[PDB]
């Protein structure tokens, strides 16, 4: 437990298409929890930092560690409940405890938020793609070591999906439409299935994303290019709830035409500012458009769902790459034709 300076190799981005694993140094001192990272997933936030060196308007001004969905083992902890060698999933959220949104238990909307691998503030918060990382004790969520290492790495994306399902309101016995079955969309499929949806219909252009959608629990699969949607759009819509995850303006219109009047449409996917929104369709049908952003307490639920085998995300795991060949993994994850979820092994 003695205060020591441990070494680590961190996945670091410096700019647009500038990426390298560098030497680093953290000085541990009996405050917080020292965690050896074992596995981490590549999200869309990480690809944007490598492809364009930015997310939305947030640019990278100094080198930063990537990754925000990360699991590992405990090495040292200031809490006696967290034993050494314990398998934990790292919650990338570290909010303050005194702002108005965190007081109301809406920690996902914290004013002084510090998310893993987020270039929102400067200096940016370093991510989890590193061999050793010192983290807060409350950010360590234990799980039984018998759980599959490859399954638990889906803790953060599942939390994003579970939170998106709760933004829909009542789901028991409802008819759910899920436009865009990427990694997040497929986890929303299994989320609404577990939460009691009576019929899940999902749509995507690539049949590969549809093939993954049926394996995650979908009942009907539609391709907007080929199949016709007119019987879904009949009598002011058919579905109680719609999930827009692709972020494409074409898919947003269909969700409005497909959702019944006074229905709920959960906006998950982000694709800039939509440039021609049918606001008249929203007013006429009284649709309840609700946004979804990250998660609050659904991270502990996702760790429980994955450990107890409620859902099985392994069909989404496309490939594994050692953390030393990091750029090759970023190039492979950006290819949407072959990679759904790519994990880094530490």
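Positions refer to the first chain, counted from 1.
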The stretch carrying the higher mean Cα B factor in the deposited entry, 92 to 100 or 268 to 276, is 268 to 276
Per the PDB entry, mean CA B-factor is higher for 41 to 49 or 22 to 30, namely for 22 to 30
Out of 259, 190, 106, 226, highest CA B-factor residue:
226
Specify which of 124, 150, 163, 236 carries the largest Cα B factor in the deposited PDB entry.
124
Temperature factor at the Cα of residue 209, chain-ranked in thirds, falls in the highest
Where does residue 298 sit by CA temperature factor within its chain: lowest, middle or highest third?
lowest
Based on the deposited C-alpha B factors for this chain, I'd like to know if residue 77 is in the lowest, middle or highest third.
highest
By the record's CA B-factor, is residue 60 among the lowest, middle or highest third of residues in the chain?
highest
Third of chain Cα B-factors occupied by residue 242:
lowest
